[PDB]
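Peer 1: here is the input, now give the coordinates:
(chains A, B, C and D, ligands or ions: 6)
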Amino acid sequence: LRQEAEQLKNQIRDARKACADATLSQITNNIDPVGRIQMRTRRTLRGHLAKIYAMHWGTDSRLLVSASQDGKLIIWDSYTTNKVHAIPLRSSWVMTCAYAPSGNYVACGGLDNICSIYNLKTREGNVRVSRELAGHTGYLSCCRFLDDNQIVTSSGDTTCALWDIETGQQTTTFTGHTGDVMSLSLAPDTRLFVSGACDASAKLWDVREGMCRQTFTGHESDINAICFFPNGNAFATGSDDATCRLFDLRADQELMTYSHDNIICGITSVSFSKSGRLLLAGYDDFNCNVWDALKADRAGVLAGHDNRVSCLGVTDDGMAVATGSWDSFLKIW
Amino acid sequence: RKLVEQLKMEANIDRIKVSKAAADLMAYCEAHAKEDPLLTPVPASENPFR
Amino acid sequence: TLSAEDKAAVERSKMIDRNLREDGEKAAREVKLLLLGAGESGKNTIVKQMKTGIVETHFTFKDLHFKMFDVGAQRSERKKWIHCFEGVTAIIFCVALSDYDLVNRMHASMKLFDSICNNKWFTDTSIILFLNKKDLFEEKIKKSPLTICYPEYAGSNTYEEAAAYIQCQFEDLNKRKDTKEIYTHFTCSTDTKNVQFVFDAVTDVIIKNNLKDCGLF
Amino acid sequence: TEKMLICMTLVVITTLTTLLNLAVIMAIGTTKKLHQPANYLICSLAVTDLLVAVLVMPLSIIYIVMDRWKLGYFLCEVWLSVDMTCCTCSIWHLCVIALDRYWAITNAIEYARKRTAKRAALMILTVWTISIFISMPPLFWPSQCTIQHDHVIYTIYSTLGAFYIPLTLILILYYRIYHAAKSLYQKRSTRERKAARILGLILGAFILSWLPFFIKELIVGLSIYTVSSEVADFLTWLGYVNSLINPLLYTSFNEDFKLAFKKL
Ligand SMILES: CC(C)CCC[C@@H](C)[C@H]1CC[C@H]2[C@@H]3CC=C4C[C@@H](O)CC[C@]4(C)[C@H]3CC[C@]12C
Ligand SMILES: CC(C)CCC[C@@H](C)[C@H]1CC[C@H]2[C@@H]3CC=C4C[C@@H](O)CC[C@]4(C)[C@H]3CC[C@]12C
Ligand SMILES: CC(C)CCC[C@@H](C)[C@H]1CC[C@H]2[C@@H]3CC=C4C[C@@H](O)CC[C@]4(C)[C@H]3CC[C@]12C
Ligand SMILES: CC(C)CCC[C@@H](C)[C@H]1CC[C@H]2[C@@H]3CC=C4C[C@@H](O)CC[C@]4(C)[C@H]3CC[C@]12C
Ligand SMILES: CC(C)CCC[C@@H](C)[C@H]1CC[C@H]2[C@@H]3CC=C4C[C@@H](O)CC[C@]4(C)[C@H]3CC[C@]12C
Ligand SMILES: CN1CCN2c3ccccc3Cc3ccccc3[C@H]2C1
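Peer 2: Numbers count the residues shown, from 1 in each chain, chains lettered A, B, ... in the order given. Ligands and ions are numbered 1, 2, ... in the order given. Here you go:
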């Protein structure tokens, strides 16, 4: 009944407190800090005429995809700034995009409730809408790929989905979130994935079998971004309460909080470095902050965006960090 | 309804010490710090971005 | 320097840049209207008159291309996608007059209007207000007085004075009177002058923006 | 005593003018939001002001300070011709900005299609064409550089073409903009006050800076009266300081320009 839920929640909190023998900050106290981190805008990708809401790097760490209110995705070659592709969108309201791990496909989604998949390597050359995935009843916040055949998707329906592009229909529906899911993060082995929602909670789900493995709370506002640690055993969540947090899958509770008195603005994007030592959180104070993931000390500041830093990404090889903002420019550091 | 069984399944998971998890996190970070271009600035000769 | 493949890549990038510039120039002349209302405000009738998820209605009037975005099917949180419409030319709000005594979508409409026109994204965005179903209101007021929704109302139970009071209260819900203006119109069950009023409000907003570029506003 | 103060005030004026023009040019070029045809016209006006501040004012200062003028009987003609061209091109930019604003507020719907970079480039090209056509005629015909009012027919042609015609055009095009703004205001106090004050600041500056010089030119060129060198120099530099005033009028009243200045 409704009375036993509180008792079991108290039991879980007591178990978590018992497991909290020490703290991450007090263990990484003696390790040498990285110090000031300096980054310069190596590239400035121009060509968008409206606010940019999402991006995704390619597996080869060279090509990337960017989505803006222009109603057109752009596949950029980050090394030489050349626009490889410009895919017009049927619906101009897009707030998520994803670049397939094999590079063949590119997905996007927004207020049309559809994560449309375009085929980039078609025979005729010109990109075409390979699949239109419908079935969500809310604005589409993030749909990330798994392979050329499967995809996971998060919408404002407070539910996530696992679509088979070839068939075109959901194969698993993840329910349990109270608010709108606004973030996804696939595990490096692609076995589990975490989703942060507007109910100030991030749920770790199992892809293959479906049920919610774990739930992590601690935020005081809506969660706008989330990302696994490169090890795959931890993840960082950015919320509207101006604080990032690092939760651990095995420890089943948060380990460190990244916040400051100067920052009072929500986080729009969170990403990790290749080694996981740096945590790059894009703030809607028109900039980004690089935190020491083991110290919570602000190791650097990335400034140069006139408007809110909507999307942030770190390459697979960790060579560069690309930030896309509402001033319609991408910047590669 | 389904919430009680879902939360029971959540509560019946295995647990680990926070110290061990933090130690593993530090071990991974210090093992892969050498392969992190962002942490240690790579020379511009090997940097594909100029 | 650049090889044949590199030169072809640069040529493709330049052609794509040309296409993007042409598309942006084409789309910068379009007037963006964000249609909002209550559950039974009557926005569907208005859309039918002039012409899944968000519904885009494209129409043309006097060489102006209007795109109207209806987000009535979005039952999610409003603050998580409202900023997407930060750059819309105008917000077409619809209020059903006849729903003033129905148990209380009139109060819900007032609250949602207050939340919309005072939103931080729409500080400088004008609202075109429509008071739909006034023909049914004129006959509903006779049997049911307006005092049910607004106890403070004073005067005769005349549809003209009641409509004036409702309008005045909607412009009283505004707190940015020095920046934005609310254009109020009654549908009157015809489309010609309805689209004419929308066009007039849009032209007024455009002239205001042109005067503000020079600082004269 | 007087000479040092005069030199200091002239040099600070001619350096403030060039810094202001450079600031306007850099603000327009750097900011991606400020890439509009009207901002292109303002940038052209700024570069014309820069030209008249770095090619005309320095030569005027050495004439004023070092009593006489010693740079040859050839470079005097070049300086006078470039001075005509620059100080007429500034006025004609002030006129075409008025044309652009009149078309933008009056025919707002139609002029949006026509507001292309090609239109602004054509406007600036015809401004420079007019400026050249009011500077070249006197070429087909020391120790001092005295203006030669030798041919009366050119005196009326130069003074009407450069100032009085743009004067009437600016007056008409801003009176019409004032009525256009009034029609908007009346159909729905402080807004009318601001609209009157900004137009007054734009018009009265252009009057008080240039009109005395051209009225004395009209007097002298018709052999009516005679004016001393000091008064002529004072009115000449009163005309020059419009190069200083113009960026203040045409950038400080725009929100985008103020934001770009704050960013810089
Ligand atoms: C000092 C030397 C270099 C002379 C400077 C004067 C001329 C050449 C300068 C002054 C203002 C400049 C313009 C300022 C802004 C822009 C818009 C930009 O999108 C392309 C370049 C362009 C169009 C510049 C071209 C060069 C320009 C016209
Ligand atoms: C004769 C010279 C010295 C006059 C002063 C420079 C003129 C030619 C320059 C200054 C600012 C310039 C314009 C600024 C911006 C643009 C928009 C761009 O998309 C095409 C070029 C264009 C239209 C420029 C070329 C012409 C322009 C008006
Ligand atoms: C191409 C331009 C920018 C070069 C510099 C121009 C200006 C700053 C220079 C050129 C010649 C200079 C003048 C040369 C000689 C004198 C006489 C001296 O008793 C006082 C200073 C004064 C009056 C100088 C003032 C500054 C001056 C006017
Ligand atoms: C060299 C001198 C003497 C003459 C130069 C030509 C003058 C008279 C011409 C050149 C361009 C002309 C303008 C071109 C377009 C317009 C717009 C419209 O409102 C009609 C008048 C007006 C404003 C014209 C007025 C006269 C004008 C300014
Ligand atoms: C700075 C503003 C007013 C623009 C005018 C600048 C020049 C032309 C002005 C500024 C200072 C002025 C001088 C100030 C004082 C005197 C002394 C007086 O017995 C004769 C005129 C004379 C010598 C003035 C001549 C004109 C002058 C040199
Ligand atoms: C102050 N300086 C600029 C203003 N002026 C103008 C401008 C337009 C038409 C005629 C004249 C009068 C003249 C005649 C001979 C040389 C130089 C001019 C210049 C002198």
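
Peer 1: please make it C-alpha for all contacts and neighbour counts, starting now.
Peer 2: Will do.

Peer 1: roughly how far is whichever helix or strand residue D:60 is part of from the heart of the chain?
Peer 2: Here residue D:60, judged by DSSP states H and E, is contained in helix D:57-65. Distance of helix D:57-65 from its chain centroid, counting by C-alpha atoms, centre = their mean, to the nearest Å, is 19 Å.

Peer 1: that helix and ligand 6, any residue contact?
Peer 2: No - if you take C-alpha under 6 Å from any ligand atom as the test, helix D:57-65 misses ligand 6, and the best it gets is 9.1 Å.

Peer 1: quick one: contacts of that helix?
Peer 2: Under the criterion C-alpha atoms under 8 Å, 6 or more residues apart in numbering or on different chains, residues D:3, D:6, D:7, D:10, D:11, D:14, D:69, D:79, D:240 lie in contact with helix D:57-65.

Peer 1: residue A:327 is in contact with residue A:307, correct?
Peer 2: Yes - the criterion here is C-alpha atoms under 8 Å, and residue A:307 meets it with residue A:327 at 5.4 Å.

Peer 1: neighbour-wise, which of those two wins?
Peer 2: Relative neighbour count places residue A:327 above the other of residue A:307 and residue A:327, with 21 against 18, counting by other C-alpha atoms under 10 Å in any protein chain shown.

Peer 1: interface residues of chain D facing chain C?
Peer 2: Within chain D, the positions lying close to chain C (C-alpha under 8 Å from any C-alpha of the partner chain) are D:101, D:104-106, D:108-109, D:112-113, D:181, D:184, D:191, D:194-195, D:198, D:253-255.

Peer 1: now do the strands in chain B.
Peer 2: Secondary structure of chain B (DSSP state E): no strands located.

Peer 1: just want the residue of it that's nearest ligand 2.
Peer 2: residue B:50 (27.2 Å; C-alpha to the nearest ligand atom).

Peer 1: how many residues are close by that residue?
Peer 2: When neighbours are counted by other C-alpha under 10 Å, residue B:50 comes out with 11.

Peer 1: ok, now which ones touch it?
Peer 2: By C-alpha under 8 Å, 6+ apart, the contact list for residue B:50 reads A:42, A:43, B:44.

Peer 1: for residue C:60, state which of these is nearest.
Peer 2: In terms of C-alpha to C-alpha, no member of the contacts of residue B:50 lies closer to residue C:60 than residue A:43, at 40.9 Å.

Peer 1: what's near enough to touch the closest one?
Peer 2: Residue A:43 is in contact with A:78, A:79, A:81, A:331, A:332, A:333, B:49, B:50, counting by C-alpha under 8 Å, 6+ apart.

Peer 1: looking at the stretch 1-150 of chain D, what residue ends up closest to chain B?
Peer 2: residue D:30 (21.8 Å; C-alpha to the nearest C-alpha).

Peer 1: can you tell me how far that residue sits from residue C:140?
Peer 2: For residue D:30, the distance to residue C:140 (C-alpha to C-alpha, to the nearest Å) stands at 61 Å.

Peer 1: with neighbour numbers in mind, choose between those two.
Peer 2: Remark: of residue D:30 and residue C:140, residue C:140 carries more neighbours, 18 against 12, as counted by other C-alpha under 10 Å.

Peer 1: find the nearest non-adjacent residue to that one, please.
Peer 2: Using C-alpha to C-alpha, 6 or more residues apart in numbering or on different chains and skipping the chain neighbours, the partner closest in space to residue C:140 is residue C:98 (6.9 Å).

Peer 1: correct me if wrong: the one you found contacts residue C:136.
Peer 2: Yes - with contact defined as C-alpha under 8 Å, residue C:98 counts as touching residue C:136 (6.2 Å).

Peer 1: those two: which has the busier surroundings?
Peer 2: When residue C:98 and residue C:136 are compared on other C-alpha under 10 Å, the one with more neighbours turns out to be residue C:98, at 22 against 13.

Peer 1: mind checking what secondary structure that one has?
Peer 2: helix (DSSP: H, G, I helix; E, B strand; the rest coil).

Peer 1: and what of residue A:188?
Peer 2: Secondary structure, three-state DSSP: residue A:188 is coil.

Peer 1: now it: how far from residue A:238?
Peer 2: For residue A:188 relative to residue A:238 (C-alpha to C-alpha), the value is 20 Å.

Peer 1: now swap in residue D:225 and tell me
Peer 2: Using C-alpha to C-alpha, one gets 79 Å for the distance from residue D:225 to residue A:238.

Peer 1: among these two, which residue is more densely surrounded?
Peer 2: Counted by other C-alpha under 10 Å, residue D:225 and residue A:238 do not tie: residue A:238 has more neighbours, with 30 against 10.

Peer 1: for the more buried one, give me phi and psi.
Peer 2: Residue A:238 adopts backbone torsions of phi -110, psi 140, taken as degrees, to the nearest 10.

Peer 1: one more: residue C:66?
Peer 2: Torsion angles at residue C:66 (phi, psi; degrees, to the nearest 10) stand at phi -100, psi 130.

Peer 1: which residues touch the residue in chain C that ligand 3 sits nearest to?
Peer 2: For chain C, the residue positioned closest to ligand 3 under C-alpha to the nearest ligand atom is residue C:214, at a distance of 32.1 Å. The contact partners of residue C:214, taken as C-alpha under 8 Å, 6+ apart, are D:101, D:253, D:254.

Peer 1: at 10 Å instead, please
Peer 2: When the contact criterion is C-alpha atoms under 10 Å, 6 or more residues apart in numbering or on different chains, the partners of residue C:214 are D:38, D:101, D:104, D:105, D:198, D:250, D:251, D:252, D:253, D:254, D:255.

Peer 1: between the residues you listed, which is nearest ligand 4?
Peer 2: Proximity of the contacts of residue C:214 to ligand 4 was ranked by C-alpha to the nearest ligand atom; the top entry is residue D:101 with 11.7 Å.

Peer 1: wait, that closest one touches residue D:180, no?
Peer 2: No - between residue D:101 and residue D:180 no contact is recorded; they are 11.2 Å apart, counting by C-alpha atoms under 10 Å.

Peer 1: comparing the two, which residue is more hemmed in?
Peer 2: residue D:101 (21 against 16).

Peer 1: what secondary structure does that one sit in?
Peer 2: Going by three-state DSSP, the state assigned to residue D:101 is helix.
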